[PDB]
Every structure is written in structure tokens, then in C-alpha cells.
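Student: Per PDB author numbering, the sequence shown runs over residues 6 to 43, 50 to 141.
All residues carry an ideal CB built from backbone N, CA and C; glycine is no exception.
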Amino acid sequence: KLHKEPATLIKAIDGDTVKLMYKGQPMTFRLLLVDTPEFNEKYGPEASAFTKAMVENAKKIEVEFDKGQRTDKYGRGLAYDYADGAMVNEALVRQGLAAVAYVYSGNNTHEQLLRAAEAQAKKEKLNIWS
Ligand SMILES: Cc1cn([C@H]2C[C@H](OP(=O)(O)O)[C@@H](COP(=O)(O)O)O2)c(=O)[nH]c1=O
Ligand SMILES: [Ca+2]
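Dropping the structure here:
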């Protein structure tokens with residue numbers, strides 16, 4: 006299975022990207038399997060605020076790389092982020108602030124968990140699915 010690794014928050018960027026101090030060096034982390042609207052787009056500020064509150068108020072920050080590629084073409088770390096035990100990726104999808112997207116076979120461990128959260132967000136007509 007995968008493993009959670011500790012890290013510390015430098016600053017929240019937007020809905021699906023956060024700057025973290027990972028093993029002594031700053032790194033921008035892009036959330037796996039999700040896509041939040043840009050800050051300039053509808054639900055973008057809400058998505059940003061959500062992720063921002065989760066990571067800033069969190070005592071325990073953890074990153075969890077999947078079984079494949081760890082960085083993308085933009086130099087961003089690819090992982091699942093946890094704030095006090097709760098997965099940020101999943102929480103965003105459950106609230107309808109992020110759509111399940113960029114699902115690559117190499118990094119798809121929590122795919123079902125997230126698609127289940129998205130289907131429920133859809134049923135409740137939340138935010139992007141309203
Ligand atoms: C989430 C994720 C995104 N990406 C790339 C796909 C997209 O590239 P292209 O834009 O070149 O298509 C980009 C989407 O990022 P953003 O949603 O931050 O724009 O990041 C990965 O390569 N792997 C991943 O796991
Ligand atoms: Ca995005």
C-alpha cells in the first residue's frame with residue numbers, strides 16, 4: 006500500500022495547488038485525480060478558500076504519493092494531501108468544488124473513493140454540479 010509522509014504548509018495557492026516544505030525544500034504540490042476551477052472562474056474563490064482553510068488550520072499535514080509519477084511537466088509534486096487525517100482531494104470532490112479529472116492509470120489508487128464522492132456531490136447538486 007501507499008504511505009503518508011509528514012510535511013509543513015508554506016502557503017495555500019488555490020483549489021488544487023499548495024506550496025509545501027517537503028523534506029527541507031519548498032515544493033508546489035498539485036492534487037491528484039482532481040481539478041478545481043481557477050480562482051478567476053466561477054466556484055474558483057470558494058475552491059481556493061476551502062483548500063486554504065483545510066491546510067492552514069491543520070496541525071498535521073501529510074502527503075501521500077501514489078504508485079507512479081511523483082512530479083509533472085510543470086515541476087509540481089503529485090500526491091494526495093491530508094489535513095488532520097482528512098484527504099483534501101476527497102473533501103473538495105464531496106463538496107462539488109472539484110471534478111474527478113486527470114486520472115492516469117499509474118496514479119489511480121483513490122479513484123473509486125473520489126468518484127463515489129463526486130456522484131454524491133452531483134446528486135446533491137452542489138456547486139459545480141448545481
Ligand atoms: C493532476 C495532474 C496534472 N497533470 C498535468 C496535466 C495538465 O497538463 P497540460 O495543461 O499540459 O494538459 C496539467 C493540469 O494542471 P492544472 O489543472 O493545474 O492546470 O497538469 C499531470 O501531468 N499529472 C497529474 O497527476
Ligand atoms: Ca485547476
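(1) Alpha carbon to alpha carbon, what distance is there between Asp40 and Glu57?
(2) To the nearest angstrom, how far is it from the Cα of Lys6 to the Cα of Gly79?
(3) Do you know how far the Cα of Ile72 is from the Cα of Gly20?
(4) Let me confirm a value: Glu101 is counted as buried when at least 16 other C-beta atoms fall within 10 Å, else exposed. Which label applies?
(5) Hey, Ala94 and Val66 are a contact pair by Cβ (cut 8 Å); roughly how many whole angstroms apart?
(6) Comparing the CB of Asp92 with every heavy atom of ligand 2, is any distance shorter than 6 Å?
(7) Indicate, with yes or no, if ligand 1 has a heavy atom lying under 6 Å from the CB of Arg35.
Tutor: By the coordinates alone:
(1) Each residue's Cα considered, the two are about 13 Å apart.
(2) For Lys6 and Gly79, the distance between alpha carbons rounds to 12 Å.
(3) Pairing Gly20 with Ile72, the inter-Cα distance amounts to about 16 Å.
(4) Residue burial annotation: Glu101 is buried, with at least 16 other C-beta atoms found within 10 angstroms of its C-beta.
(5) That belief holds up - the Cβ atoms of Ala94 and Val66 are roughly 5 Å apart, short of 8 Å.
(6) Every heavy atom of ligand 2 is 6 Å or more from the Cβ of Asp92, so no.
(7) Result yes, Cβ under 6 Å from ligand 1.
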